[PDB]
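Residue numbers begin at 1 in each chain, while the letters A, B, ... track the order of the sequences. Values below: every heavy atom of this structure, side chains too, minus hydrogens, waters and symmetry copies.
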Amino acid sequence: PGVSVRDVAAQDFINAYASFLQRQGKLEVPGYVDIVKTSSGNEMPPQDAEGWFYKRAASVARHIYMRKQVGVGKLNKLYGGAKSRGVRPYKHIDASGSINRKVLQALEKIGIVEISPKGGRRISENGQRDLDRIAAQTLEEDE
Amino acid sequence: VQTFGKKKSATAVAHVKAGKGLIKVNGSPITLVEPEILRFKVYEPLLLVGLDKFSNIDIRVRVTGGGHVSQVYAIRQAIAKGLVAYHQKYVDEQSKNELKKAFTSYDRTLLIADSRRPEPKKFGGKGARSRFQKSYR
Amino acid sequence: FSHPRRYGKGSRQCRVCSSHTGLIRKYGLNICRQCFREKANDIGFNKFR
Amino acid sequence: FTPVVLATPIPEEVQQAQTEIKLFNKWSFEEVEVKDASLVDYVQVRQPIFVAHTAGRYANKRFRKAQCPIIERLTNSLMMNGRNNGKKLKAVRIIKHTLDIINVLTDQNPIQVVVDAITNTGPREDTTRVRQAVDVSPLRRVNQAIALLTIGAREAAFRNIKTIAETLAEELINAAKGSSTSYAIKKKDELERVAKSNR
Amino acid sequence: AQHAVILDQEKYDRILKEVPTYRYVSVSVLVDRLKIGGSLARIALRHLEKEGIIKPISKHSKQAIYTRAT
Amino acid sequence: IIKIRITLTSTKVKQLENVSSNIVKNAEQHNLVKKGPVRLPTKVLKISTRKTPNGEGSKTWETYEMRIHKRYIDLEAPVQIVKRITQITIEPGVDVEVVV
Amino acid sequence: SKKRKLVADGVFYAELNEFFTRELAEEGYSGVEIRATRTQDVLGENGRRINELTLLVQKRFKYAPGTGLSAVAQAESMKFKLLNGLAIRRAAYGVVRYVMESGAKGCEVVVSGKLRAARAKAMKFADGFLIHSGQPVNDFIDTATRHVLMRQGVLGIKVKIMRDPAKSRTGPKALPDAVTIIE
Amino acid sequence: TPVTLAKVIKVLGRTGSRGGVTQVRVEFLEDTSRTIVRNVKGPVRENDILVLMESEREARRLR
Amino acid sequence: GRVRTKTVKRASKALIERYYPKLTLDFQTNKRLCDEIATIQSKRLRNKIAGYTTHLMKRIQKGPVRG
Amino acid sequence: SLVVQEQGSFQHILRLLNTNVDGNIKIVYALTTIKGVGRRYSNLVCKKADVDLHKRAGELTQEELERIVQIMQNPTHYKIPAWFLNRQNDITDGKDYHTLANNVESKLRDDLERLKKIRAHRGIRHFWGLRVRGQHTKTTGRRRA
RNA sequence: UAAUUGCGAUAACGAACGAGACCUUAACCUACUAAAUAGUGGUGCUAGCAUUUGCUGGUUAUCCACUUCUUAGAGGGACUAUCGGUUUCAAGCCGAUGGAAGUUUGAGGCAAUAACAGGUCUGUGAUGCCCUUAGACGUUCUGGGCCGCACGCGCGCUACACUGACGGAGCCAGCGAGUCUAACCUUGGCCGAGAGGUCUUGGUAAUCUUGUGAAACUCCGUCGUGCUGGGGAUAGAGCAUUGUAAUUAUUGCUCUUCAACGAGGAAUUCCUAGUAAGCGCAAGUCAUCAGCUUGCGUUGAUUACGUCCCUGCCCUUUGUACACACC
Ligand SMILES: [Zn+2]
């Protein structure tokens with residue numbers, strides 16, 4: 001009864017949309033799996049090779065639907081964490097630009113995302129439709 | 001009608017209107033504010049007076065300015081004060097009074113904004129009151 | 001004759017004492033930290049807190 | 001009992017709370033009576049509390065700290081070590097997990113058992129270097145019980161399989177049941193060892 | 001590592017005769033009562049929470065809260 | 001009649017207000033239409049420095065502050081009223097800028 | 001910009017103050033408005049000095065050609081008195097008494113340095129009422145620090161005046177603590 | 001361990017070289033017509049109850 | 001702390017010595033009367049003077065005081 | 001996770017690539033035990049071989065272990081990035097290697113000896129046994145026992 | 001009492017500077033003034049879901065009004081207010097209530113009569129005397145040096161691990177800084193794994209970076225209790241920018257060894273509530289580099305609400321052959 005992606009907040013929505021992208025079969029993977037750290041400030045790449053890219057795509061789609069158009073730099077800032085710089089104090093280090101750029105380009109290629117006249121990219125009509133359907137299915141499957 | 005609430009620096013502005021029992025926090029329902037331990041801290045300004053006790057009021061709040069628990073405190077204060085204002089202006093002054101009594105009998109800075117502000121940090125030492133260390137001898 | 005000094009303390013100095021140390025390159029001052037403290041209130045910098 | 005409903009989806013797990021006797025989210029609060037008459041008004045059960053996060057003014061005056069809920073006293077005591085400084089959310093998660101562990105192992109009204117353990121671990125007499133045997137105020141008894149429980153939990157969860165929640169919960173069980181195999185009770189016994197030799 | 005790394009079939013009857021003698025089961029309890037090492041204890045308790053006599057109390061992570069069937 | 005925006009910046013609050021408030025009456029005496037005076041937040045130019053010219057004594061830092069305050073108004077007036085309102089405002093110490 | 005623009009205006013004010021104090025000392029300078037103890041040599045020989053100063057200031061600042069009670073004033077006058085020759089203690093006493101009879105509510109002159117070779121002492125002359133310090137010192141006090149360069153050594157002279165709060169004519173007209181009632 | 005509970009009826013003042021111990025007159029709940037002075041380190045207010053192993057050992061001021 | 005100075009106490013005495021048939025034991029009326037008959041040039045000092053005069057008048061109902 | 005009785009397919013401490021491997025640790029961190037191979041390199045090579053990451057070298061396979069050895073000794077050919085290896089343009093060849101054996105230490109010794117024999121500042125500091133990477137011995141690394 | 005703050009006692013009375021008072025700031029103000037350089041609601045530009053219409057919702061020249069949220073001007077409020085008790089008689093203090101806040105409301109700026117052989121001539125085109133002065137101790141250029149290592153000391157970051165590490169995953173700040181004589185903060189696309197470069201674009205600034213999409217932290221999994229997967233100390237190989245110049249690692253990046261550290265002796269520093277501590281942010285130095293400092297904010301305790309045991313200083317008394325005053 002009038003459900004959006006703002007009725008599953010943080011974990012079940014991601015576990016639902018990543019699984020949906022897995023079942024969809026469309027890969028959109030540029031080959032970065034098992035080769036990249038997902039940021040310059042980490043120590044090791046994600047544990048499971050199958051799933052991290054799809055979860056990245058799920059996160060960026062959900063973020064760009066919950067808020068307005070946002071850019072590769074904004075996603076890099078959001079996904080960049082701290083870094084053990086040695087014996088120096090920890091520091092915020094931005095993520096790998098290429099991975100976020102390629103995830104957004106993959107979303108554009110699928111067509112769920114369009115550009116904005118001011119800069120950045122916003123979720124498309126079909127993208128928002130798919131995300132709302134995913135939310136409704138998540139509510140109807142696991143409360 | 002409209003109220004605001006703060007704990008340290010986060011301000012939450014809540015609009016309460018005649019609607020159908022819809023209480024939002026940032027677009028998500030009150031079940032998913034997700035501090036994952038203060039999900040009952042946010043429930044408190046509604047569970048206190050009554051189980052639901054309100055299916056005719058709609059509260060939409062938007063919070064920014066502080067941290068996670070600061071914004072939780074800000075929203076739980078703002079929605080309670082919005083409820084107080086709504087009863088003050090429309091429902092009844094008596095009803096406002098008995099719900100203020102319950103709010104003050106469970107007072108958690110729910111109605112009065114906390115005045116604890118970070119004190120300015122002075123030269124010669126990290127922190128406002130702690131000073132650097134000297135051994136000299 | 002003269003090697004380039006387009007950067008650094010050979011490039012910048014206090015417009016008053018010509019000191020390369022204590023220079024305040026903030027807000028467009030380009031003036032030393034000691035000349036600043038001496039002739040500060042004449043610039044508009046007051047002591048309030 | 002009269003399950004009122006509003007528009008937004010919310011479970012009855014919170015909606016069943018205060019129509020009956022006021023209670024915690026999982027554990028009975030009204031069936032809690034301190035086993036002594038000295039520490040009364042130094043614990044802060046009855047009133048009951050929704051969760052141990054009453055972030056209020058409690059250090060302005062001398063005895064305005066004593067009116068803090070005993071669960072939040074426990075959380076604030078776990079709030080130490082510098083590495084665990086801050087992280088009140090973490091500390092309250094451990095405290096909730098300990099409450100669940102006390103429920104599962106010898107439930108015994110877990111908050112009532114915790115207040116009984118604190119009363120039993122409050123050192124009744126100490127010594128001051130003048131060494132003279134002096135008596136302990138009930139506030140000091142409560143504070144030392146909380147601090148000893150926390151430090152024992154820390155020094156037991158150090159270098160072991162058991163997690164901090166599990167070890168603090170088990171130690172609280174020993175303290176409540178009255179065994180001298182617990183670190184807090186053993187330190188209380190050390191403090192009480194100078195009772196005749198320094199009197 | 002030092003005991004019961006992956007096998008846990010030297011005493012393979014202890015995968016069933018474990019409910020009694022203690023009302024609580026956890027990742028630490030598995031390492032403590034000479035039964036399971038921590039290299040697979042989480043999934044060994046996952047199996048028992050999926051089907052068995054222990055029922056979980058929450059969606060706990062980094063910890064476990066299980067109680068026997070009433 | 002043309003539309004203009006008048007901007008006042010200063011450090012002296014007394015003269016800044018003495019100008020921004022007579023502008024309102026100068027407009028009303030000719031019965032003009034204007035958006036109210038807006039106060040863009042005062043910005044402090046606080047800068048910390050070391051008191052002594054050397055390295056002796058306890059580490060004591062003193063800050064100097066320059067508070068800059070500045071307002072803006074929208075007005076609609078002919079060229080004659082525009083030149084009049086920009087000519088009366090020659091108060092020494094407040095910077096006044098008129099854009100069209 | 002705006003912050004940079006007004007900072008530039010402030011340093012330009014400091015430049016004007018320093019240059020005018022150094023150059024127009026012989027005319028008895030007090031502060032840039034310009035203000036001199038006598039307003040007649042400001043015009044001089046029907047504008048010659050001021051025209052020369054305008055030309056110099058234009059050349060420096062890249063400008064278009066066509067676009068008694070003061071603490072600093074008395075400090076520089078007494079500097080001139082010491083430099084051209086007068087007893088130092090007598091000069092300080094004369095300055096303080098002159099400021100005192102000129103209506104000022106309090107004066108203090110401190111002279112430090114090598115009067116005669118020693119370990120350099122500080123000789124003071126304080127008369128009337130003085131408050132130091134607080135906010136009211138910025139409110140009503142005029143202070144000046146001056147360096148006297150004689151043939152031997154340098155003397156530091158600090159002159160402080162507590163101007164009469166009654167004859168203020170701007171801002172508060174009495175003391176912050178002054179409480180007076182009528183009956 | 002003998003157990004007897006009493007209630008403070010008079011706080012005298014601070015005590016000791018460092019000022020950490022405190023003399024308090026305490027009246028026993030049982031046989032209330034008897035007030036003895038005790039040394040306590042933690043804060044004590046009125047109508048508060050102390051527990052003491054020994055009954056009659058008059059703790060005097062600690063200089 | 002919360003102790004009053006001479007410039008407040010003696011001024012309050014000077015007001016009350018000639019304005020007893022005057023401002024009552026109410027702090028608001030006392031402070032407004034301070035604005036009325038006293039050219040006190042600070043809100044802080046005005047409030048302090050009003051409070052101390054209020055205390056003096058309140059304690060005068062329990063017996064005359066010195067001075 | 002599964003029926004792992006493995007009466008005959010469980011391995012204790014084994015032998016692999018000139019270094020004993022502890023059989024009670026997983027494949028990544030047990031391959032990290034060999035001098036020359038670390039955590040992330042082992043993770044990348046194991047995910048390239050597409051073996052299960054959640055099992056240990058004791059029960060993983062017996063032939064894919066030699067496969068992992070082969071891909072480690074031939075990194076550039078068997079799906080490994082050139083930037084992901086420790087040695088490009090070794091001293092004289094310009095092609096990229098990665099010594100994963102009991103030879104990376106030997107390569108380091110040879111680098112040190114040639115850098116010393118070429119009579120460089122780094123070489124003479126290395127011969128003197130002091131810090132060479134600009135580190136300060138005034139107060140730090142003093143005893144070095 | 002923070003106070004020579006005040007009460008009181010009293011050959012004193014009445015006073016003055018300093019302290020207070022003053023000002024700055026951080027708290028509040030459903031009160032006034034005004035806001036597409038800020039924010040909120042009613043209408044068309046609203047695509048999704050649900051279809052009796054309701055939730056998120058873009059539309060920055062898309063109209064209207066408003067100022068509750070933000071801003072800043074006049075002003076208001078707190079003055080310890082009321083009530084009990086303690087109070088020499090009072091200054092004050094203690095509890096509760098109200099309060100926006102009751103430890104000077106929190107924190108600072110200013111801060112006297114004076115003294116130091118305290119530091120600075122290595123800031124000053126501040127300066128007495130001397131030196132130097134054309135093989136210069138003036139200026140300037142080339143290289144090093146301040147970094148150096150048998151050793152000792154101090155302020156610090158990382159640290160020694162399951163309240164943890166690693167991955168995703170949730171996305172929350174505040175002080176501010178920024179180029180019109182031009183290369184500053186950089187948004188959005190492009191390339192690159194990364195560093196970094198590329199097309200521009202916005203900002204002379206509440207407009208743009210910037211909502212600083214920060215960390216700490218929450219959630220979910222693995223790691224299993226090990227010198228290990230904490231630590232990246234230690235060196236090598238390669239990858240670029242800053243820099244006319246990275247050799248005597250500026251710095252960042254990927255890989256490679258995971259070394260000491262397994263809780264620290266006698267000792268010893270800072271500190272009483274938004275303070276300790278943990279965490280990060282901005283600014284000064286900057287052509288580039290923080291572990292430094294100056295401000296800022298997020299999470300937010302324990303103990304006590306005092307004493308002279310030590311340490312430091314003040315006062316008083318007291319001795320003096322000191323008065324250049326114990327050098
Ligand atoms: Zn200078």
What's the CZ-P distance between J:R125 and K:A249, to the nearest Å? 8 Å
Does K:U250 pair with anything, Watson-Crick or G-U wobble, both distances under 3.5 Å, and if so, with which nucleotide? none
Is there a side-chain contact between I:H55 and the phosphate of K:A91, meaning an N or O under 4.0 Å from OP1 or OP2? yes
RNA chain K: 5'-proximal contact among A:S40 and H:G19 (nearest heavy atom): A:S40
Looking at the base of K:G192, is there any donor atom on it, or on the side chain of A:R101, that sits under 3.5 Å from an acceptor on the other one? yes
Whether the side chain of A:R67 and the base of K:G211 hold a donor-acceptor pair under 3.5 Å is what I'd like checked. yes
Classify the side chain of F:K46 and the base of K:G176 as holding, or not holding, a donor-acceptor pair under 3.5 Å. no
Would you say whether J:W83 stacks on K:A193? The test is a distance between ring centres of less than 5.5 Å and an angle between planes of less than 30°. yes
Do B:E119 and B:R129 sit within salt-bridge range, that is, some charged N less than 4.0 Å from a carboxylate O? yes
Watson-Crick or G-U pair, K:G39 and K:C66, both under 3.5 Å: yes
Check whether any side-chain N or O of J:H121 sits under 4.0 Å from OP1 or OP2 of K:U248, and answer yes or no. yes
Does the side chain of J:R143 get closer than 4.0 angstrom to OP1 or OP2 of K:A260 through an N or O atom? no
Hey, is the side chain of F:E56 pairing donor to acceptor with the base of K:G118 inside 3.5 Å? yes
Any I:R66 side-chain nitrogen or oxygen under 4.0 Å from OP1 or OP2 of K:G8: yes
Under the 3.5 Å rule, do the base of K:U307 and the side chain of H:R14 count as making a donor-acceptor pair? no
Need the glycosidic conformation of K:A287: syn if within 90° of 0, anti if not. Which one? anti
Check whether any side-chain N or O of B:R60 sits under 4.0 Å from OP1 or OP2 of K:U40, and answer yes or no. no
Decide yes or no, distance alone: a donor-acceptor N/O pair under 3.5 angstrom between the base of K:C22 and the side-chain of I:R44. no
State plainly whether the residues A:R133 and A:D130 are in salt-bridge range, i.e. N to O under 4.0 Å. yes
According to a strict under-4.0 Å criterion, is I:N47 in side-chain N/O contact with OP1 or OP2 of K:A78? yes
Side-chain N or O of J:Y41 closer than 4.0 Å to phosphate OP1/OP2 of K:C255: no
Base K:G152 to side chain J:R142, donor-acceptor N/O within 3.5 Å cut-off: yes
Which part of the nucleic acid, if any, lies within reach of B:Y136 when heavy atoms closer than 4.0 Å are counted: base, sugar-phosphate only, or nothing? nothing
Atom pair distance, as rounded to whole Å: CG in J:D96 and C1' in K:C239: 11 Å
Compare side-chain N and O positions of B:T64 against OP1 and OP2 of K:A173 and report whether any pair is under 4.0 Å apart. yes
Please state whether the phosphate of K:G106, meaning OP1 or OP2, lies under 4.0 angstrom from any side-chain nitrogen or oxygen of D:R57. no
Do C:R49 and K:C23 have a side chain to base donor-acceptor pair shorter than 3.5 Å? no
Look through every strand shown and name the nucleotide pairing with K:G232 as Watson-Crick or G-U wobble, where both distances are under 3.5 Å. none
Taking atom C1' of K:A183 as reference, at what distance in whole Å does atom OH of C:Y7 sit? 17 Å
So what does A:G80 touch, heavy atoms closer than 4.0 Å: a base, only the sugar-phosphate, or nothing? sugar-phosphate
Does I:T7 make a side-chain donor-acceptor contact with the base of K:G20, cut-off 3.5 Å? yes
Check for me whether the distance between the ring centres of J:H98 and J:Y41 falls short of 6.0 Å. yes
Under 4.0 Å between any heavy atoms, over every strand shown, what does A:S4 touch: base, sugar-phosphate, or nothing? Just pick one. base
Measure distances between side-chain N and O atoms of A:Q128 and base N and O atoms of K:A47, and say whether any donor-acceptor pair falls under 3.5 Å. yes
Check this one for me: any side-chain N or O of D:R140 less than 4.0 Å away from OP1 or OP2 of K:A304? yes
Can K:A36 be described as syn, meaning its chi torsion is within 90° of 0, or is it anti? syn
When you compare the ring of F:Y72 with the six-membered ring of K:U37's base, are the centres less than 5.5 Å apart and the planes under 30° from each other? yes
Using only side-chain N and O atoms of D:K65, determine if any of them is under 4.0 Å from OP1 or OP2 of K:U303. yes
Nearest-Å distance, CG (C:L23) to P (K:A283)? 18 Å
Taking only side-chain nitrogens and oxygens of I:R2, does any of them come within less than 4.0 Å of OP1 or OP2 of K:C93? no
So, under a plain 3.5 Å distance rule, would you say the side chain of E:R42 forms a donor-acceptor pair with the base of K:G224? yes
Value in whole Å for how far the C1' atom of K:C17 lies from CG of G:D177: 13 Å
Presence of F:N54 side-chain N/O under 4.0 Å of K:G123 phosphate oxygens OP1/OP2: yes
Rounding to an integer number of Å, can you tell me how far B:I37 CD1 sits from K:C217 P? 17 Å
Quiz question: going by heavy-atom distance under 3.5 Å, is there a donor-acceptor pair between the base of K:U222 and the side chain of E:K62? yes
Please determine, for the side chain of A:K74, which listed nucleotide (K:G18, K:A304, K:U187) has the closest atom? K:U187
Using a 3.5 Å upper limit on both distances, decide if K:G57 and K:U201 constitute a Watson-Crick or G-U wobble pair. no
Is the phosphate of K:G123 approached by C:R33 (side-chain N or O, under 4.0 Å from OP1 or OP2)? no
Length of the line joining A:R121:CZ and K:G189:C1', which is rounded to integer Å: 7 Å
What nucleotide, of K:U225, K:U294, K:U275, holds the atom closest to the side chain of E:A1? K:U225
Please give, in whole Å, the distance from K:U250 P to J:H136 NE2? 11 Å
Output yes if the stacking criterion (under 5.5 Å between centres, under 30° between planes) is met for J:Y29 over the base of K:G229, else no. yes
